[PDB]
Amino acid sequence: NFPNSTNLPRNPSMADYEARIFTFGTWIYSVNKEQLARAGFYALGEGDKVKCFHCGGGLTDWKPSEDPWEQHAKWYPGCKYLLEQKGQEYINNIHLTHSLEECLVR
């Protein structure tokens, strides 16, 4: 499914932080639910799988070192919610650092 790159959220029912919070329930996982919700994510009830309310972008297998905002940027760089909240300069930073993380191991 293609990532939503318009200024209009794919899932408007999940546009409020509070609405997103409710989707998690008791959350055992490596990453903080509040932090996820702040980064636009709501839980699907399929392990730790989350989707952004805006771009629709899905992410799973959250490691303790993985930051919701950085991951959002890494995998869904066209997301307009991300651009609004963080700005393009943060977005470019994250891409630069992840691209440079690759050439440092490769």
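Here the rigid core means the biggest group of C-alpha atoms that line up within 1.5 Å when the two forms are laid on top of each other. The first residue of the sequence shown is number 1, and the count goes up from there.
Overlaying the structures in 5 other deposited structures of this protein on the rigid core, point out which of 64-72 and 49-57 has the bigger RMS C-alpha shift.
Between the two stretches, 64-72 moves farther in 5 other deposited structures of this protein.
Determine, for 23-31 and 74-82, which one has C-alphas that on average lie farther from this form in 5 other deposited structures of this protein; superpose on the rigid core first.
Taking the RMS over all superposed structures in 5 other deposited structures of this protein, 23-31 lies farther out.
When the C-alpha temperature factors are averaged for each of 62-70 and 37-45, which stretch ends up with the higher value in the entry?
For C-alpha atoms only, the mean B-factor is higher in 62-70.
May I ask you to compare 17-25 and 92-100 by their mean CA B factor in the entry and name the higher one?
Higher of the two, by average CA B-factor, is 92-100.
If you rank every modelled residue in this chain by C-alpha B factor, which third holds residue 4: lowest, middle or highest?
It belongs to the lowest third of the chain when residues are ordered by C-alpha B-factor.
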